[PDB]
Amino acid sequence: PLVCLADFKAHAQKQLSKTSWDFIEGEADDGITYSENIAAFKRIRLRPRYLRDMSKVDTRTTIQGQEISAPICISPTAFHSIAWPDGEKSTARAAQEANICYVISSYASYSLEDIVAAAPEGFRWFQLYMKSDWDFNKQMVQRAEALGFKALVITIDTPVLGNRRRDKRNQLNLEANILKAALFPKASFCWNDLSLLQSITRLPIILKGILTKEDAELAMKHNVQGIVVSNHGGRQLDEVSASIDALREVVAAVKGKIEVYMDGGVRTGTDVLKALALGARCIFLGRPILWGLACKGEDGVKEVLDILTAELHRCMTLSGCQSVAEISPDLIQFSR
């Protein structure tokens, strides 16, 4: 059976074509950051406190004032139908049942209307890649607001697509019709455009992809409502810091002014625990959601969310943290 996220990764590869698997992996260039996102979590050491009453451990928290069952949410990932026919509809149903936040990608296989219809009461954010035509941008954000999306995520680390060698080999070998059956390119978007976007929507803006204290400071000066510390899973600029390492300087720059989240390499409960101890308000999952879909559709996504939540509950119990508010830097060895 599939008892951890790694089992879903292994089984998903068996259930997908080489081209689809290579797209879901997608490491850029030499693949240094893809590996370091995991290794950077593994080298952090935990300091547990024992003999505390852990009879009741609570994993709930809030993001942007909305309660969620655990600080484990879904990062924006394109094309869910590559993994499961029902695609984002399956993801939306699982996310609503789990009571977490689902960030829908700007390149979903299904329309926003069809995704919302699959799970009307789900908590969702929308990640939109802006275009040159601001008439389209305005219409899209107004559409998202009409459909009940609660925040807009602007991903800033993809002005051009990363250089993923396996995808490129696969593409030069096969016709687009088979590669996509069974281009982008936004480099001009800048802080100027962010301010304009903020002026046309009442939805809070969350910037995804920040890795430096300098960009975190600019984000705060532009009055955004949150930041997802992320290196896009090592799929964009490679040889940048692991996201769990970049989190430290972003949190130190922000000093609690706005919520800071992260994604990249979260696979087990202690990874979630470490991100929370280092200052993140919640983590987001990229590839594990696609592995869940590829293995079992809606039930696979739900199982991935449930397993990671159970692992977080277990390590909070073992480490002595009764609730998310009790997870602090004291848990981290020299770092903290």
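Numbering starts at 1 and follows the sequence shown.
The entry shows a gap from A182 to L183, with 10 or more unmodelled residues of the deposited sequence in between. Taking only CA atoms, the mean B-factor in the PDB entry is higher for 189-197 than for the other of 189-197 and 157-165. Per the PDB record, of the two stretches 297-305 and 263-271, 297-305 carries the greater mean B-factor over its C-alpha atoms.
Comparing the listed residues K213, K255, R248, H232, the entry records the largest Cα B-factor for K255. For the set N99, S241, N137, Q236, the PDB entry assigns the largest Cα B-factor to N137. The entry lists a Cα temperature factor for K14 that places it in the highest third of the chain's modelled residues. When the CA B factors of the chain's modelled residues are split into thirds, the value for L2 lands in the highest one. For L174, the recorded CA temperature factor ranks within the highest third of the chain's modelled residues. When the CA B factors of the chain's modelled residues are split into thirds, the value for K56 lands in the highest one. Per-chain ranking of the deposited C-alpha B factor places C321 in the middle third.
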